Amino acid sequence: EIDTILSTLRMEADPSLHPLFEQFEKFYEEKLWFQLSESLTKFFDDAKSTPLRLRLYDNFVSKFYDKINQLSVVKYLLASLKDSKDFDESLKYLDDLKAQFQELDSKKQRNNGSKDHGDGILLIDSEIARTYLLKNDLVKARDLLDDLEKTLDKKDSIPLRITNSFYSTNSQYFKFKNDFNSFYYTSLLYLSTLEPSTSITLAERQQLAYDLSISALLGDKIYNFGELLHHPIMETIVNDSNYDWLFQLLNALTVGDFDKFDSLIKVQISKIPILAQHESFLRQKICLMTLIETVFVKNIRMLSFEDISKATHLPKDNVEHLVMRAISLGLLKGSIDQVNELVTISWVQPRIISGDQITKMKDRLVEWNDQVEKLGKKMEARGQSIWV
Amino acid sequence: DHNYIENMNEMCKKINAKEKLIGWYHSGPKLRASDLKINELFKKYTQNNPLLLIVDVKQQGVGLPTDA
């Protein structure tokens, strides 16, 4: 009796988790499928404590893949296989269920009940790729994710859960490959799409904030840090002093204080080996940010090469390499006149601004208020004889 | 015609994929009874809250011929 067999599934269960079993019973009795989904869905959530859930799934819920949301059913294989260190077993169940949906879809049509089976399929494939990243085998990770990405971006309407899985994996992949740019972007998307039904560890969120900070520090094309310093995840790691130097570092960086940063790196540069490598980057990136700011504040935007040299403490030959590279990343637009050694700087990129940097804007705007004060108030007097 | 929709849509997606189907519009200067009924239909082909705006084609009034 899969009812009573189910009751020896209940023998090893914490009886505190038992009261749902009766539900299952009557539900297996009444076969109100939505109610079952509720029941063994939340149950199963808490029965993550129980490997039993496998056979639970593997018995009648295996019978029951016909019933409920495919996101519902697939969540089960997810949390079930989560612990599993047998990867071929995971992939096994995965392509198994897949084949079952190839059947269901083969029979059924769009408005006829097979529409978002595609969704379950996609989600599956996502976690499959995850399994590979766990399996290493890192290439089929890549091609599976990439093949998935098209199918995604053509579908306009898809549940969020899938998307959180997709960026969830891509994050990991780039994290192995150590492409920092791509990692960073994928991350921020992942976070933005994160949902309450996804409960993730505070230790995790701390970590993710850390690796994200590093990425943006070592990222070639990442020059805007306002995203993270104001991003709600940084509030998790903010208070730990073991990391306080880190905010000293980014905070120092977006306000582009050359010397102070240059002090900061001296300590931690010995500490974190990943920082030991890529010191070159950090240096370039500083020179840039410094440049950007010294332009951004300046009333009329032009520079000699000397000015940049002293501001960035860069000998002036490179100064034109520094400017040209500042443009090719999109940070600046403008031109260089060597003959006179000027830099015109058409315009400078809008970038999220912290507190202190605002104040100067307040200033310049007070000036450009005053000029108008005097001009307008000065033009009635003259030509007072002409008004209407 | 939903077949006209799901036939055209993906024929847009082949062009600029980043423009996603949102909602519909009727240029009729004021609402109709079935409006609230059919928006419920468009909830099939989009995700969040299908947006219905009304373009004023007569222009005879003042500006903002749209209303969202």
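Residue labels here follow a simple count from 1 along each chain's written sequence instead of the entry's numbering, which may differ, and residues missing coordinates are not shown. Whichever chain is written first becomes A and whichever ligand is written first becomes 1, with later ones labelled in order. All values in this description refer to the chains shown, which are themselves only part of a larger assembly. The side-chain values count all of the structure's non-hydrogen atoms but skip hydrogen atoms and water molecules.

**Thoughts on the overall build of chain A**
Rule in force here: Elements are defined by DSSP. Helices are runs of H or I of four residues or more, strands are runs of E of two residues or more, and each kind is numbered from the N terminus. Taken over C-alpha atoms, the radius of gyration is set against a globule rule of 2.2 Å times the number of residues to the power 0.38. Think of it in three bands: with a 1.4 Å probe and only protein chains considered, a residue is buried below 20% of the maximum accessible area for its type, exposed above 50%, and partly exposed in between. Under the convention used here, a 1.4 Å probe and the Shrake-Rupley method define accessible areas, while residue burial counts only the protein chains that appear. The positive count covers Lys and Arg only, the negative count covers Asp and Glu only, and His and the chain ends enter neither. A charged residue contributes its charge at one atom only: NZ of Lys, CZ of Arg, CG of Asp or CD of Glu.
Check the secondary structure of chain A and you find 20 helices and five strands. A compact globule built from 388 residues would reach a C-alpha radius of gyration of about 21 Å, whereas chain A, at 29 Å, exceeds it by more than 25%. When each of the 388 residues of chain A is scored for burial, the buried share is 40%. Total accessible area computed for chain A in this model is approximately 21,800 Å², and 55% of it derives from carbon and sulfur atoms. For chain A, the distance from the average position of its 49 positive side-chain charges to the average position of its 58 negative side-chain charges is 4 Å.

**Thoughts on the interface of chain B and chain A**
Convention followed: In what follows, a contact means two residues having at least one pair of non-hydrogen atoms within 4.5 Å. Buried area is calculated as the accessible area (1.4 Å probe) missing from two parts once they are joined, with the contributions of both summed. Here a salt bridge means any side-chain nitrogen of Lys or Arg lying within 4 Å of a carboxyl oxygen belonging to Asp or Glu. Within 3.5 Å is the distance limit for a polar contact, defined as a pair of N or O atoms, with the added protein rule that one can donate a hydrogen and the other accept it, and that residues adjacent in sequence qualify only through two side-chain atoms.
The interface is formed by ten residues belonging to chain B together with nine residues belonging to chain A. Contact between chain B and chain A buries roughly 770 Å² in total, counting both sides, with carbon and sulfur atoms accounting for 38%. In terms of surface lost to chain A, no three residues of chain B exceed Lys-20, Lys-44 and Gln-47 of chain B, which account for 52% of the buried area on that side. At the junction of chain B and chain A, the tally comes to one salt bridge. For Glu-6 of chain B, the salt bridge goes to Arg-110 of chain A, with nearest N and O atoms at 3.7 Å. The interface formed by chain B and chain A holds three residue pairs in polar contact in total.

**Details of helix α15 (residues 258-271) of chain A**
Residues and elements named next belong to chain A. Definition in use: Expected helix span is taken as 1.5 Å per residue step, with the number of steps being one fewer than the number of residues. Axes are fitted to the seven residues ending at a residue and to the seven starting at it; the angle between these axes is taken as the bend at that residue.
Compared with an ideal rise of 1.5 Å per residue, which puts 14 residues at 20 Å, α15 spans 21 Å between its outermost C-alpha atoms and is within 8% of the ideal. The largest bend in α15 amounts to roughly 30° and is located at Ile-265. Taken as a whole, α15 has its buried residues at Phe-258, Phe-261, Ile-265 and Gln-268. Next to the buried residues of α15 lie α14 (244-254), α16 (273-276), α17 (279-297) and α18 (305-312).

**Observations regarding unusual backbone geometry**
All names here are of chain A. Look at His-313: it is not a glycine, yet its phi comes out positive at around 55°. Its location among the elements puts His-313 in the loop between α18 and α19 (319-328). On the accessibility criterion, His-313 (55% relative accessible area) is exposed. Within the chain, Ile-345 stands out as a residue other than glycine whose phi angle is a positive 60°. Inspection of the secondary structure assignment puts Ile-345 in the loop between β4 (342-343) and β5 (347-348). Classification of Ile-345 as buried rests on a relative accessible area of 5%.

**Quick notes on the UniProt feature "domain: PCI" in chain A**
Defined as follows: UniProt positions are given in the numbering used here, feature names are shortened, and annotations may be inferred rather than shown by experiment.
When the UniProt feature table is mapped onto this chain numbering, "domain: PCI" sits at residues 182-350 of chain A. The distance from the first to the last C-alpha atom of residues 182-350 of chain A is 21 Å, and the span holds 61% helix and 6% strand.

**Let's talk about the packing of aromatic side chains**
Residue and element names in this part refer to chain A. Quick note on the threshold: Any two rings among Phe, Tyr and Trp, with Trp reduced to its six-membered ring, count as a pair given centres within 6.5 Å; such a pair is stacked if its planes are under 30 degrees apart, edge-to-face if over 60, and tilted if neither.
In the structure shown here, the tally under the stated rule is twelve aromatic pairs over all chains. Geometrically, the ring pair formed by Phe-24 and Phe-43 is edge-to-face, given 5.1 Å between the ring centres and 85° between the ring planes. Note that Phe-24 is positioned in helix α2 (residues 19-30) and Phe-43 in helix α3 (residues 33-46), a separation of 19 residues in sequence. Considered together, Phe-24 and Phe-43 belong to a single accessibility category, that of buried residues. Ring geometry for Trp-33 against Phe-64: centres 5.0 Å apart, planes inclined by 75°, an arrangement best described as edge-to-face. Of this pair, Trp-33 sits in helix α3 while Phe-64 sits in the loop between α4 (53-63) and α5 (70-82), and the two are 31 residues apart along the sequence. A residue is classified by how much of its surface remains accessible, and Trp-33, at 30% relative accessible area, is partly exposed.

**Considerations on the sheet that holds strand β1 (residues 303-304) of chain A**
Working definition: the strands of a sheet are paired by backbone hydrogen bonds and lie parallel or antiparallel to each other. Residues and elements named next belong to chain A. Stated precisely, the cut-off is as follows: A pair of strands is considered paired only if DSSP assigns at least 2 bridges between the two.
Ordered by their spatial adjacency, three strands build an open sheet running β1-β4-β3, and the pairing between neighbours is antiparallel. Looking at the sheet topology across the chains shown, the edges are occupied by β1 and β3 (336-337). Examined bridge by bridge, β3 and β4 share two bridges and lie antiparallel to one another. Its bridge partner lying in β4, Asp-337 is registered against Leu-342.

**Considering α3 of chain A**
Residue pairs spaced three or four apart in an α-helix point in one direction, given the helix's 3.6 residues per turn. Residue and element names in this part refer to chain A. In this model, α3 (14 residues) spans 20 Å end to end at C-alpha, consistent with the 20 Å of a helix rising 1.5 Å per residue. For α3, the set of buried residues is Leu-36, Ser-37, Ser-39, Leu-40, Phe-43 and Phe-44. Of the surrounding elements, those touching the buried residues of α3 are α2, α4 and α5.

**Some words on the packing of α17 of chain A against helix α20 (residues 355-379) of chain A**
Residues and elements named next belong to chain A. Our working definition: Here the axes come from fitting lines to C-alpha atoms, over the contacting stretch only for helices, and the angles between their N-to-C directions go from 0 to 180 degrees. For classification, angles of less than 35 degrees are called roughly parallel, those exceeding 145 degrees roughly antiparallel, those between 65 and 115 degrees roughly perpendicular, and all remaining angles oblique. Nonpolar residues are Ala, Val, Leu, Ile, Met, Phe, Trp, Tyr, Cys and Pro. Charged residues are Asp, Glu, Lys and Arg, and all others, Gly as well, are polar.
It is at 11 Å that the axes of α17 and α20 come closest, and there the two elements cross at 25°. When the axes of α17 and α20 are compared, the pair comes out roughly parallel. Residues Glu-293, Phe-296 and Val-297 of α17 pack against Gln-357, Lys-360, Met-361 and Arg-364 of α20. By residue class, the composition of the contact of α17 with α20 is three nonpolar, one polar and three charged.

**Some points on a positive patch on the surface**
What counts is decided by this rule: What goes into a patch is any residue over 30% in relative accessible area without a salt bridge, connected to like charges within 9 Å or, for nonpolar side chains (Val, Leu, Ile, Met, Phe, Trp, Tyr), within 5 Å.
A cluster of basic side chains, namely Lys-150, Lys-154 and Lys-155 of chain A together with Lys-14 of chain B, defines a positive patch on the protein surface. Along the chain, the position of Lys-155 of chain A falls in the loop between α8 (138-154) and α9 (160-177).

**Focus: a nonpolar patch on the surface**
Residue and element names in this part refer to chain A. A grouping of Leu-365, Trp-368 and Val-372 is seen on the molecular surface, where their side chains present a nonpolar patch of about 360 Å² in accessible area. With respect to the element layout, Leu-365 can be found in helix α20. Among the residues examined, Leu-365 registers a relative accessible area of 51% and is labelled exposed.

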